[PDB]
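Asker: Sharing a structure with you now.
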Amino acid sequence: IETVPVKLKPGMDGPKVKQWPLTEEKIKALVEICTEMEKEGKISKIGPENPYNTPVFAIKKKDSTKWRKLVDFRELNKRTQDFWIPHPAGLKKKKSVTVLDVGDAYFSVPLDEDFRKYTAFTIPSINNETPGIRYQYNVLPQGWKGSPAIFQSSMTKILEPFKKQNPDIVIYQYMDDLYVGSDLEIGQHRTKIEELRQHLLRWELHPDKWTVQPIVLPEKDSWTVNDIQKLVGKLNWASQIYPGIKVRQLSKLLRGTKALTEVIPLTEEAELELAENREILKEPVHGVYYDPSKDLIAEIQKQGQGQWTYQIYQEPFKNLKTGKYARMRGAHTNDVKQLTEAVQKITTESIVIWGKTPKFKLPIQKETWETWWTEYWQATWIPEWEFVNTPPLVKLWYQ
Amino acid sequence: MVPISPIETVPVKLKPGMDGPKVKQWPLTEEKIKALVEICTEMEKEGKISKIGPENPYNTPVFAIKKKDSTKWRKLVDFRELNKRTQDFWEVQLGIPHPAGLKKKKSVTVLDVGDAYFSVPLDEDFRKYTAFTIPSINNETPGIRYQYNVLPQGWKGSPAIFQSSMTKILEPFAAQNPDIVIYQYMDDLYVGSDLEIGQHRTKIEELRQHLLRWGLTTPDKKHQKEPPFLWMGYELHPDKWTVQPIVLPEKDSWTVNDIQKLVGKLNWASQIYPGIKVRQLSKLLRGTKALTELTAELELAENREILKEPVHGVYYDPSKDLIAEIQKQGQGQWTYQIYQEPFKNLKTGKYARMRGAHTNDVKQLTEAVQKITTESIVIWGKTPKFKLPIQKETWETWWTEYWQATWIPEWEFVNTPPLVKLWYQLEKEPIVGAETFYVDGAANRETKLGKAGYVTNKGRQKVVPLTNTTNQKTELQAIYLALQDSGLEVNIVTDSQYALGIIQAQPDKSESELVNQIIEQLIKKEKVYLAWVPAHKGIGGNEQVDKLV
Ligand SMILES: C=CC(=O)Nc1cccc(CCOc2cc(Cl)ccc2Oc2cc(Cl)cc(C#N)c2)c1
């Protein structure tokens with residue numbers, strides 16, 4: 001129960017981040033939450049000699065109608081001193097993985113008395129009527145990068161019995177979440193998860209088939225001019241990813257100022273060039289590797305009718321992962337709820353595959369996203385993001 | 001002698017690596033020196049300050065400024081260097097309450113605390129740095145030396161530390177008396193309740209006794225402030241609020257500073273006054289960062305007529321629904337009113353289109369909605385229901401086909417023209433029986449001369465030569481020519497990624513006249529299918545040759 005020494009990175013002051021407006025019911029939710037946290041010693045009120053601040057807001061996780069408190073520790077985490085476990089490659093290869101919340105555990109551990117002034121947050125008031133309630137954490141705070149790293153020793157001891165019992169069950173931790181995988185493919189894995197639940201009390205995702213989904217070309221008996229023009233455009237784009245793609249024989253079909261709806265029969269040379277390009281796109285991309293020293297980039301496109309495509313990469317045209325998300329979730333009428341859920345699924349997949357989160361390029365104006373994304377967010381972490389304001393011509397190609 | 005409860009001092013330090021303030025005292029007149037000694041002696045009796053020995057090395061200058069009235073002199077201490085050297089404090093009272101947010105209270109009392117900073121002690125360890133010296137007469141004796149024992153006026157930490165202390169004392173009384181509502185702002189306190197004026201003035205006295213326990217002075221005498229209250233440039237009345245009168249300068253020649261002052265004064269009027277617009281004056285400000293330097297003027301003259309009739313706002317009732325209505329004013333300007341009951345506006349306002357090269361109405365309305373949404377959550381802690389001049393079918397078509405993600409919170413159509421509309425809509429598949437125009441354009445960078453034209457499937461052709469142009473300008477002209485010369489349905493094939501990116505963003509108005517002409521053509525077409533091909537791949541009809549020649 002001995003506080004461990006923690007300091008900021010050299011040359012970096014604590015976070016000074018503006019709190020943004022909250023609705024009345026989210027303020028009332030946080031007032032109830034933070035009052036009780038004071039009685040339990042988790043947090044304590046502070047004064048104006050603390051110039052530091054980190055934003056805080058409220059969410060409702062699924063399967064519950066109770067508000068939860070989320071702190072945006074992004075600025076603190078980047079300014080927090082780097083803490084001295086290789087990512088488990090088996091977790092991405094495991095048939096099924098289950099995610100658990102271990103955040104409550106962090107509250108048992110005290111936080112170094114010197115570092116607490118950096119965990120300061122503010123419950124805001126409506127209309128600037130009364131000054132905001134200012135708190136600081138006395139225990140390890142959820143969402144902080146130092147909380148999993150400091151608790152790693154205790155967690156290793158807590159799960160050392162379960163690990164010896166089951167050596168085919170993978171265990172990984174990111175932020176306040178625990179990722180438990182298995183090749184069991186058993187509904188009893190759900191009960192074995194209950195075994196890991198009670199074992200924790202004492203003290204559903206499955207990988208996609210393809211990491212990168214293949215580029216596919218249409219198979220047709222009759223091609224129009226427009227059909228051949230869209231094909232040549234896609235192949236030319238893929239020629240940036242794949243070496244030997246050739247468009248010469250297909251473009252020769254387009255010769256002449258022909259009407260768009262007119263059917264062109266393919267030559268035997270043109271049929272061959274398309275088959276050779278098919279074979280090129282069946283093989284995987286050449287020399288694509290993940291560097292843990294670089295950032296992951298995630299781009300998302302809205303495809304219409306609740307469908308969304310995405311690609312994860314570090315170097316353009318060298319995709320480490322591509323995929324598509326559709327949903328019947330309660331988001332059909334709201335594009336922003338769909339994107340926010342899409343951003344969450346992609347970041348979770350990213351945690352499983354490399355144990356880090358990507359920087360998103362979102363197909364949305366900043367002011368719309370910033371006004372609404374907290375309304376639909378359900379995860380204890382938050383990634384980084386930027387905004388794409390120019391339509392990508394490539395949207396059709398990923399569909 | 002009943003015991004006063006102690007006020008806990010706020011622990012204060014300096015910025016890291018700064019020793020403290022060592023700044024020499026300014027020369028003073030003998031009359032000013034005498035005047036300062038009388039004031040300081042009284043304060044030393046009050047306990048606000050204490051004399052200090054020669055051990056202290058820190059010093060801050062002091063000056064005397066005289067109000068002619070009563071031949072009176074007031075002490076002014078300049079802590080600017082200690083302010084630079086003092087630590088950073090929590091952000092305090094960033095922004096102010098907005099009157100439309102206040103709920104109505106049958107009785108409301110305002111109390112202004114007196115010598116408030118001097119009623120709150122200073123941390124003993126920091127008092128060493130608040131030292132100042134009073135120069136001696138003729139400089140023939142060592143100057144008198146003093147330090148502060150309480151929060152100095154003009155110090156960096158004094159406002160933050162006072163407000164924190166004031167809140168702590170007030171917290172128990174508020175919990176004990178939930179019926180009253182107390183607001184904190186600077187050196188004032190606003191107490192409001194729906195109680196009978198009798199029980200109200202009773203609890204007001206009880207609060208004053210509560211402050212007495214911690215030694216805080218309050219206006220027991222019938223408070224000089226009585227409704228209407230003038231607060232932060234607002235005129236506040238029991239059932240209505242408005243802006244204090246606005247003074248717009250009148251000059252045959254207007255310097256740049258006046259336009260900077262007149263644009264801000266107009267923005268302030270816009271919160272209650274509908275129809276205020278400062279777009280023309282703000283354009284004149286652009287490109288100018290110097291204070292010394294009109295088409296537009298009729299709208300500015302119209303603003304004076306608008307400001308000549310009195311406009312008031314109501315207070316907020318949480319039981320009724322909150323509503324916001326938006327109107328298109330033209331030239332990228334939007335006007336909105338937030339209200340709960342018809343014709344009774346809590347507040348009003350305007351929104352100006354962001355600086356963009358192209359745009360359309362639907363995007364701008366969307367941005368206006370986000371702004372009103374954030375403003376309302378600030379003011380009332382909730383999102384209003386929206387009344388919007390756009391058909392539901394129109395918004396539905398827009399968001400389902402816009403390549404970006406977009407959302408508007410709950411809203412309803414209000415038929416108040418002009419109505420936001422989609423001016424044109426591209427086809428998703430090629431049109432059967434529509435002539436196909438293959439277009440191209442190109443320019444020589446050195447000569448700035450180029451060509452634009454098309455060849456079609458019916459043998460129709462055109463190449464037009466151009467004088468002052470670029471590759472991007474010619475690529476657009478080619479499309480423009482295909483639109484001018486085609487029937488009501490037309491397929492257009494281009495290789496310009498630049499043009500498609502413009503059209504695929506769906507502008508309805510633009511900075512470039514060439515883009516607007518294309519828009520005017522698109523509006524007249526029944527169907528338009530725009531297809532893209534890669535250039536120089538030998539796609540047929542891609543007559544780079546005709547336009548490059
Ligand atoms: C004779 C009746 C009469 O005078 N009533 C009356 C007058 C004005 C306003 C109201 C309703 C809103 O006023 C308040 C509402 C609440 Cl809940 C709490 C405090 C209020 O008063 C404030 C608030 C602020 Cl921010 C600043 C100031 C100042 N200066 C005064 C009522």
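Numbering starts fresh at 1 for the residues of each chain in the structure tokens, the chains themselves are lettered A, B, ... in the order given, and ligands are numbered from 1 as they appear.
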Could you write out as a PyMOL selection string the residues of chain B within 6 Å of chain A, counting only C-alpha atoms?

Answerer: chain B and resi 88-90+97+160+183-184+377-379+381-382+404-406+432+436+456-457+533-534+538-541

Asker: Enumerate, as a short mmCIF file (atom, residue, chain, number, x, y, z; two decimals) with C-alpha atoms, in the first residue's frame, the complete set of residues in segment 155-273 of chain A that a backbone-based DSSP assignment places in alpha helix (DSSP H).

Answerer:
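Printed below is states.cif as written:
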```
data_model
loop_
_atom_site.label_atom_id
_atom_site.label_comp_id
_atom_site.auth_asym_id
_atom_site.auth_seq_id
_atom_site.Cartn_x
_atom_site.Cartn_y
_atom_site.Cartn_z
CA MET A 155 -2.56 -8.04 -11.58
CA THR A 156 0.23 -10.50 -12.38
CA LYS A 157 -0.14 -11.98 -8.88
CA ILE A 158 -3.96 -11.98 -9.03
CA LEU A 159 -4.05 -13.86 -12.35
CA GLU A 160 -0.98 -16.07 -11.80
CA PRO A 161 -3.20 -18.90 -10.39
CA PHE A 162 -5.64 -18.75 -13.33
CA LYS A 163 -2.76 -18.67 -15.83
CA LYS A 164 -1.19 -21.83 -14.40
CA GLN A 165 -4.61 -23.52 -14.42
CA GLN A 188 -18.33 -22.98 -21.74
CA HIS A 189 -15.71 -20.29 -22.43
CA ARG A 190 -18.48 -17.95 -21.24
CA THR A 191 -18.66 -19.93 -17.99
CA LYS A 192 -14.85 -20.18 -17.88
CA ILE A 193 -15.01 -16.39 -18.17
CA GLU A 194 -17.34 -16.50 -15.16
CA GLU A 195 -14.53 -18.51 -13.56
CA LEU A 196 -12.19 -15.60 -14.31
CA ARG A 197 -14.89 -13.22 -13.02
CA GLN A 198 -15.24 -14.87 -9.60
CA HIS A 199 -11.46 -15.41 -9.40
CA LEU A 200 -11.11 -11.63 -9.78
CA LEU A 201 -13.88 -11.07 -7.21
CA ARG A 202 -12.00 -13.22 -4.67
CA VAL A 225 -18.26 1.64 -71.76
CA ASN A 226 -18.98 2.95 -68.29
CA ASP A 227 -18.23 -0.50 -66.81
CA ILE A 228 -14.84 -0.60 -68.57
CA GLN A 229 -14.10 3.00 -67.54
CA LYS A 230 -14.74 2.31 -63.85
CA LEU A 231 -12.60 -0.83 -64.11
CA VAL A 232 -9.65 1.02 -65.66
CA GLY A 233 -9.93 3.63 -62.91
CA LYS A 234 -9.88 1.00 -60.16
CA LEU A 235 -6.97 -0.92 -61.73
CA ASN A 236 -4.96 2.28 -62.08
CA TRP A 237 -5.54 2.98 -58.38
CA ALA A 238 -4.55 -0.59 -57.45
CA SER A 239 -1.39 -0.16 -59.57
CA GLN A 240 -0.17 2.06 -56.74
CA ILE A 241 -0.49 -0.90 -54.34
CA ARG A 248 -3.32 -1.07 -71.79
CA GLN A 249 -5.52 -3.73 -73.41
CA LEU A 250 -8.65 -2.63 -71.49
CA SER A 251 -8.14 1.03 -72.42
CA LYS A 252 -7.85 0.10 -76.11
CA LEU A 253 -11.44 -1.11 -75.88
CA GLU A 268 -9.15 -12.09 -76.15
CA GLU A 269 -6.18 -9.86 -75.29
CA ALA A 270 -8.38 -7.75 -73.01
CA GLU A 271 -9.74 -10.86 -71.26
CA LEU A 272 -6.17 -12.02 -70.57
CA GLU A 273 -5.05 -8.70 -69.09
#
```

Asker: Please check which protein, DNA or RNA residues sit within 7 Å of ligand 1, counting only C-alpha atoms and all ligand atoms, and write them as a ChimeraX atom specification.

Answerer: /A:129 /B:97,99,102-110,181-183,190-193,226-231,236-239,315

Asker: Atom CA of residue 287 of chain B to atom CA of residue 246 of chain B: how many Å, to one decimal?

Answerer: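 Atom CA of residue 287 of chain B sits 27.1 Å away from atom CA of residue 246 of chain B.
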
Asker: Taking the DSSP secondary structure from the backbone, can you list the residues of segment 393-433 of chain B that are strand (DSSP E or B), as a PyMOL selection string?

Answerer: chain B and resi 411-413+420

Asker: Using C-alpha atoms, can you export the residues from the last selection as a PDB file, in the first residue's frame?

Answerer:
```pdb
ATOM      1  CA  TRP B 411     -36.237  19.474 -35.406  1.00  0.00           C
ATOM      2  CA  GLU B 412     -39.319  20.398 -37.431  1.00  0.00           C
ATOM      3  CA  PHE B 413     -39.893  22.213 -40.721  1.00  0.00           C
ATOM      4  CA  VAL B 420     -33.060  25.845 -47.897  1.00  0.00           C
TER       5      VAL B 420
END
```

Asker: Can you tell me which residues surround residue 10 of chain A at a distance of at most 10 Å, considering only C-alpha atoms, apart from same-chain residues fewer than 4 positions away, and format the answer as a ChimeraX atom specification?

Answerer: /A:79-81

Asker: Write out as an MDAnalysis selection string which residues come within 9 Å of segment 26-43 of chain B when counting only C-alpha atoms, dropping same-chain ones fewer than 6 positions away.

Answerer: chainID B and resid 49:50 61:66 72:75 134:138 144 146

Asker: Find the spatial neighbours of residue 43 of chain A, counting only C-alpha atoms, within a cut-off of 9 Å - ignore same-chain residues fewer than 2 positions away - and output them as a list in words.

Answerer: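 Near neighbours after the sequence-gap exclusion: residues 34, 35, 37, 38, 39, 40, 41, 45, 135, 136, 137, 138 and 139 of chain A.
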
Asker: Would you kindly return, as a VMD selection string, each protein, DNA or RNA residue with an atom no farther than 6 Å from any atom of segment 489-501 of chain B, considering only C-alpha atoms and excluding same-chain residues fewer than 6 positions away?

Answerer: chain B and resid 434 to 439 526 to 535

Asker: Using N, CA and C atoms, can you write the selected residues to a file as a compact mmCIF listing (two decimals), in the first residue's frame?

Answerer:
```txt
# COMPACT_ATOMS: atom_id res chain seq x y z
N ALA B 434 -28.90 9.58 -73.27
CA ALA B 434 -28.32 10.90 -73.11
C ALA B 434 -26.97 10.94 -73.82
N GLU B 435 -26.74 12.01 -74.58
CA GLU B 435 -25.48 12.16 -75.31
C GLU B 435 -24.31 12.21 -74.33
N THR B 436 -23.19 11.62 -74.74
CA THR B 436 -21.99 11.51 -73.90
C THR B 436 -20.94 12.50 -74.37
N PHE B 437 -20.62 13.47 -73.52
CA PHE B 437 -19.59 14.47 -73.80
C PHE B 437 -18.29 14.09 -73.10
N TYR B 438 -17.25 13.79 -73.87
CA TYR B 438 -15.91 13.63 -73.32
C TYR B 438 -15.20 14.98 -73.37
N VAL B 439 -14.83 15.50 -72.20
CA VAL B 439 -14.34 16.87 -72.09
C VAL B 439 -12.86 16.85 -71.71
N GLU B 526 -32.07 18.34 -66.39
CA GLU B 526 -32.94 17.34 -65.77
C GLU B 526 -32.11 16.23 -65.14
N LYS B 527 -31.18 15.67 -65.89
CA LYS B 527 -30.27 14.67 -65.34
C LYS B 527 -28.86 14.97 -65.80
N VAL B 528 -27.92 14.80 -64.88
CA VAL B 528 -26.49 14.93 -65.16
C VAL B 528 -25.77 13.77 -64.50
N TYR B 529 -25.07 12.97 -65.30
CA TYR B 529 -24.15 11.96 -64.79
C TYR B 529 -22.72 12.39 -65.09
N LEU B 530 -21.92 12.54 -64.04
CA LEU B 530 -20.52 12.95 -64.12
C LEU B 530 -19.63 11.75 -63.78
N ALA B 531 -18.83 11.32 -64.75
CA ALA B 531 -17.95 10.16 -64.62
C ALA B 531 -16.50 10.59 -64.75
N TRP B 532 -15.61 9.86 -64.09
CA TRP B 532 -14.20 10.20 -64.06
C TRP B 532 -13.40 9.05 -64.66
N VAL B 533 -12.36 9.40 -65.41
CA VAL B 533 -11.41 8.41 -65.92
C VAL B 533 -10.00 8.90 -65.63
N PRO B 534 -9.02 8.01 -65.52
CA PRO B 534 -7.64 8.47 -65.41
C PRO B 534 -7.13 8.98 -66.75
N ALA B 535 -6.39 10.09 -66.72
CA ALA B 535 -5.87 10.72 -67.92
C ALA B 535 -4.66 9.96 -68.48
```

Asker: Mind checking which residues fall within 8 Å of segment 254-267 of chain B, counting only C-alpha atoms, ignoring those fewer than 3 positions away in the same chain, and posting them as a PyMOL selection string?

Answerer: chain B and resi 246-249+251+270-271+276-278+281-282+285+290-293

Asker: For residue 419 of chain B, which residue out of B:95, B:47, B:330, B:11 is the nearest one, using only C-alpha atoms?

Answerer: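 Of B:95, B:47, B:330, B:11, the one nearest residue 419 of chain B, counting only C-alpha atoms, is B:330.
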
Asker: Please, what distance in Å, to one decimal, runs between atom CA of residue 93 of chain B and atom CA of residue 156 of chain B?

Answerer: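 These atoms are spaced 13.9 Å apart.
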
Asker: Which one is closest to residue 471 of chain B: B:279, B:537, B:308, B:451? Count only C-alpha atoms.

Answerer: B:451
